[PDB]
Every structure is written in C-alpha cells, then in structure tokens.
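What follows is a single structure, written as structure tokens, with notes after it.
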Amino acid sequence: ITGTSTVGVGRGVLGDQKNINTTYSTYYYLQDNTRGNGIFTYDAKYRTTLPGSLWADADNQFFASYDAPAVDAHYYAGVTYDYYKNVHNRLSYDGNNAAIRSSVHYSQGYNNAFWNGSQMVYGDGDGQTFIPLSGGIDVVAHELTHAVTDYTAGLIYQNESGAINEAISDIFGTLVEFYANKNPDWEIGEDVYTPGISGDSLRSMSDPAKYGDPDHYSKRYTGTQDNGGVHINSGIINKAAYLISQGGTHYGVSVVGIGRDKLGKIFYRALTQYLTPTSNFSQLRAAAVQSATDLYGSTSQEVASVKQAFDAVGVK
Ligand SMILES: [Ca+2]
Ligand SMILES: [Ca+2]
Ligand SMILES: [Ca+2]
Ligand SMILES: [Ca+2]
Ligand SMILES: [Zn+2]
Numbered sequence: 001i002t003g004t005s006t007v008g009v010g011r012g013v014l015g016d017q018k019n020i021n022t023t024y025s026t027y028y029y030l031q032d033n034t035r036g037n038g039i040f041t042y043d044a045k046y047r048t049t050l051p052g053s054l055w056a057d058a059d060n061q062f063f064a065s066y067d068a069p070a071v072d073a074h075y076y077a078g079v080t081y082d083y084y085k086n087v088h089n090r091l092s093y094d095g096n097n098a099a100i101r102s103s104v105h106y107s108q109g110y111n112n113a114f115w116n117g118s119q120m121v122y123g124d125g126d127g128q129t130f131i132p133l134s135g136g137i138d139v140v141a142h143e144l145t146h147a148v149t150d151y152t153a154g155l156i157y158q159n160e161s162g163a164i165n166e167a168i169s170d171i172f173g174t175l176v177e178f179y180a181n182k183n184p185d186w187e188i189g190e191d192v193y194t195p196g197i198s199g200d201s202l203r204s205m206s207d208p209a210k211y212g213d214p215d216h217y218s219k220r221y222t223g224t225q226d227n228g229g230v231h232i233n234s235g236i237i238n239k240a241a242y243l244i245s246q247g248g249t250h251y252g253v254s255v256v257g258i259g260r261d262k263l264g265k266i267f268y269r270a271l272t273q274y275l276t277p278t279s280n281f282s283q284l285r286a287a288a289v290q291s292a293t294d295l296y297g298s299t300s301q302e303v304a305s306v307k308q309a310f311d312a313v314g315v316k
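For the sequence shown, the entry's author numbering begins at 1 and goes up steadily by one.
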C-alpha cells in the first residue's frame, strides 16, 4: 500500500521482543519499505487461499499471541535479506530486489513451511510436533534460500539435484542463524520442533545419522519416497559442509576446517556460477572444487579441505 514508513514493536513466537518495520496508512501494515521493493507479510487466516490479506494492525503493537508468527516471519525475512545483501552483494532472491512475501496462519494444525514458487508460507504447527514454523530463523532462511536457488542454478526438486537443492537451503539457513547469532548450531528447526522435548531437531548437519539420515554416499536412499529422498540424502551434503567449515574425522578421513564465511563464499559461488538444474553430487564436488580454486588458488588449503570433505562422505 502507499503510506509512511514507521517502526512497530512486537513479541515473537518464542516470547522475545523485537522491532519491526511497518507502513502506516489508517492502519499499520506489515510492510517494510526499507529493503528492496519491500517485505510484505500476510494473514492466511487458517485457510489455504494465498496470499491472504496484508497484515493490518490498529496501533503498531504486535503482542497478541495471534501476532507472534507474523512478527517473526516479517522480522526474519528482513534478517535474511540483509545477510544476502551484506555478505554476498545479492539484492533479494532474484538479484534485482524483488518483493519478499510471506503468509502465516496457513491452514489448521499444519506442520510445515514452504516456498510455493512465488512466496513463503508458514503453518502454525499442531502445538506438539511443531509450534509456528516462522519462529525459527533457520526455517525462514531455508525457505527463502529455495527462491535464491530457483533463480540461480534451478536445481530440479528430485533425486540428487533435489538433495542438493535441500542441502543448500540447510547450509544457508544455518549460516543465516549464525550471522544473526540467534543461539546458533548445526541443527535444523530446533527452536520450533517438538516444544515438549528439548535438545532435538528435525535434521542434523553435524551428525545426520542421529536422526537416521545418511552421512555417507554408500548409505544413500535410492527409493521413491520424498521425491527420491531429497530431505534424506541432503544429509550427505550437509555433513560435507559441516566438515569443510568445522573440520573433523569422518570414517577415518580427517578434514581441516576453514570456517563459515569461506564455506558460504564457496557454496554461493558454486550455486550462482557452476551448478545446473540437473547437477548431481559428483557435479557438486567439481563445482565446489572449482569455486574454491577460483577463490583461493589451485593449491590452497581451502581447495584441499573441500576435496577432503567430499572424500570423507564418499562423493568422488
Ligand atoms: Ca496491535
Ligand atoms: Ca538455534
Ligand atoms: Ca539451527
Ligand atoms: Ca524440541
Ligand atoms: Zn527445503
């Protein structure tokens, strides 16, 4: 809408208080005009009709518990936008400052979140397996990174390219959680998953196998569930990114870590520069070795760690 930019305050899903950019014209709207063409948050009102209605508030205070998922969806889309701009000189998900849109309160008891080709969508969860999914910065950044991938490499969402697509979203969701320093870890979804059971998460990058995901290519899922395992085989790539960043020994292969920023730069370059829609894990290894080389030299430690890590997880 057209109006005056202002700043509101509210409480997120985990009860933390934060400031949000709003726009005022009779009502206060969750419309942030300070980032590209804007960040817009919508109420789907427990239906599946999208996007729903632009979130309108009477007094620019967002402390109702109904408001909480909107506060976080709005705030964390902003943080993710800033991460891509400041760390990678990318303006929004398309590189040309496209509007970021999210809808919350999608359906009833819906335990998921997704990018639907045009916008992000967040369920409220059923209160026992999930609470509102936008309460996790790694969840928000994961979903938005799907749009980034769609505008760049265009990884097909099935089999090995699909697992790559999933892993890139886990990798970057984590790097964003670290960038914002929101209690970071190498776990996915720990803040919003199973409120009655602490210390667990949906997926683990540091040890995928903790939840039954492969951490080695020999162990990959070859059937047809989950579009050929896209959320399952991502574990192999997730473990690789973890080793590359933090180091460690995995099936007897030692890896010297090169830290997060270099992991980010290497994978962002692979993604934007070398990956294609049909790329497989072997092509990802090559893309990553080539980015490292481009960035740090044919005989750098960095290139050596990237080689080490992919060997460790069985990807030649
Ligand atoms: Ca209010
Ligand atoms: Ca965390
Ligand atoms: Ca996490
Ligand atoms: Ca939990
Ligand atoms: Zn995903």
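Cβ coordinates follow ideal geometry from the N, Cα and C atoms, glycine included.
Which of helix, strand or coil does DSSP assign to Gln-273? For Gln-273, the three-state secondary structure derived from DSSP is helix.
Measuring alpha carbon to alpha carbon, tell me which residue in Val-104, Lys-262, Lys-316, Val-306 is nearest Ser-218. Put simply, of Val-104, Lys-262, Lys-316, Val-306 the residue whose alpha carbon is nearest the alpha carbon of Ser-218 is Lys-316.
Closer than 8 Å by C-beta to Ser-53: which residues in its own chain qualify, once you throw out the five before and the five after it? Chain order, please. Beyond the five residues adjoining it in sequence on each side, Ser-53 comes within less than 8 Å, by CB distance, of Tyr-42, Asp-43, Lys-45 in the same chain, given in chain order.
CA-CA distance, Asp-67 and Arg-11? Cα-Cα distance, rounded: 8 Å.
Please look up how many angstroms separate the CB atoms of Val-104 and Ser-134, rounded, as I've assumed it's under 8 Å. The Cβ separation is near 6 Å, so the contact holds.
Given a threshold of 16 other Cβ atoms within 10 Å of its Cβ, counted over all protein chains shown, does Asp-191 qualify as buried or as exposed? Buried.
Can you look up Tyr-217 in the DSSP assignment and give me helix, strand or coil? The answer is helix: DSSP assigns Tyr-217 an H, G or I state.
DSSP state of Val-192 mapped onto helix, strand, coil: Coil, per DSSP.
At which residue ranges does the segment 136-186 contain complete alpha helix (DSSP H) runs of 4 or more residues, listed in the order of the chain? Whole alpha helix (DSSP H) segments, 4+ residues: 137-151, 159-179.
Cutting at 6 Å between CB atoms, please list the residues of its own chain near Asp-261, excluding the five before and the five after it. Excluding the 5 residues flanking it on each side, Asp-261 has no same chain C-beta neighbour closer than 6 Å.
In angstroms, rounded to a whole number, what distance separates the CA positions of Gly-259 and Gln-308? Straight-line Cα distance between these residues: approximately 15 Å.
Could you tell me the boundaries of the alpha helix (DSSP H) in which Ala-113 lies? Segment 113-115 is the beta strand (DSSP E) holding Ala-113; no alpha helix (DSSP H) there.
Does the segment 240-257 come close enough to the segment 120-130 to have 3 or more Cβ pairs within less than 8 Å? Flag = no, the segment 240-257 and the segment 120-130 do not touch.
Less than 9 Å separating the beta-carbons of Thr-48 and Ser-107? Yes, the pair counts as a contact, with Cβ atoms nearer than the cut-off.
If I follow the unbroken beta strand (DSSP E) through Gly-10, where does it start and stop? 4-11 is the span of the beta strand (DSSP E), which, as asked, contains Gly-10.
If you count every other CB in all the chains shown that lies within 10 Å of the CB of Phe-281, and 16 or more means buried, which is it? By the neighbour-count rule (16 or more Cβ atoms within 10 Å), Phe-281 is buried.
Assign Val-303 to one of two classes, buried (16 or more other C-beta atoms within 10 Å of its C-beta) or exposed (fewer than that). By the neighbour-count rule (16 or more Cβ atoms within 10 Å), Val-303 is buried.
Rank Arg-101, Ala-270, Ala-312 by C-alpha distance to the C-alpha of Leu-155 and give the top, closest one. Considering only alpha carbons, the answer is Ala-270.
What span of residues does the beta strand (DSSP E) with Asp-43 cover, start to end? 39-43 is the span of the beta strand (DSSP E), which, as asked, contains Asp-43.
Report all residues for which the CB-ligand distance to some heavy atom of ligand 2 is below 7 Å; order them along the chain. Working through the chain, the matches are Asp-138, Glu-177, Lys-182, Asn-183, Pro-184, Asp-185, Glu-187, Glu-190, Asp-191.
Grab me the residues of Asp-213's own chain with a C-beta within less than 7 Å of its C-beta, minus the 5 sequence neighbours each way, in chain order. Around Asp-213: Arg-203, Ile-232, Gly-235.
I think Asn-227 touches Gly-162, with their Cβ atoms under 8 Å apart; what is that distance to the nearest whole Å? Taking C-beta atoms under 8 Å as the contact rule, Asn-227 and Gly-162 qualify, at a distance of about 5 Å.
Mind checking whether the beta-carbon of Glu-166 lies closer than 8 Å to any heavy atom of ligand 5? For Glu-166, the shortest C-beta to heavy atom distance toward ligand 5 is below 8 Å.
Quick one: residues in its chain with C-beta nearer than 6 Å to the C-beta of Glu-166, no 5 flanking neighbours on either side, listed in chain order? Hits under 6 Å: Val-230, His-231, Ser-234.
Return yes when the Cβ of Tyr-151 is within less than 9 Å of the Cβ of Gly-95, no when it is not. Annotated as proximal: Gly-95 and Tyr-151, with beta-carbon spacing under 9 Å.
Taking 8 Å as the line, does the beta carbon of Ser-234 fall inside it for any heavy atom of ligand 3? Relative to ligand 3, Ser-234 has its C-beta separated by 8 Å or more from all heavy atoms.
Where does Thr-22 fall in DSSP's three states? DSSP places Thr-22 in strand when its eight states are reduced to three.
Would you give the residue range spanned by the beta strand (DSSP E) that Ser-103 belongs to? Run containing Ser-103: 100-104, per the beta strand (DSSP E) assignment.
For the beta strand (DSSP E) containing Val-255, list its first residue and its last residue. Annotation for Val-255: the continuous beta strand (DSSP E) segment containing it runs 253-255.
Excluding the 5 residues flanking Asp-170 on each side, which residues of the same chain have their C-beta closer than 7 Å to its C-beta? So the qualifying residues of the chain are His-142, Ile-188, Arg-203, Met-205, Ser-234, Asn-238.
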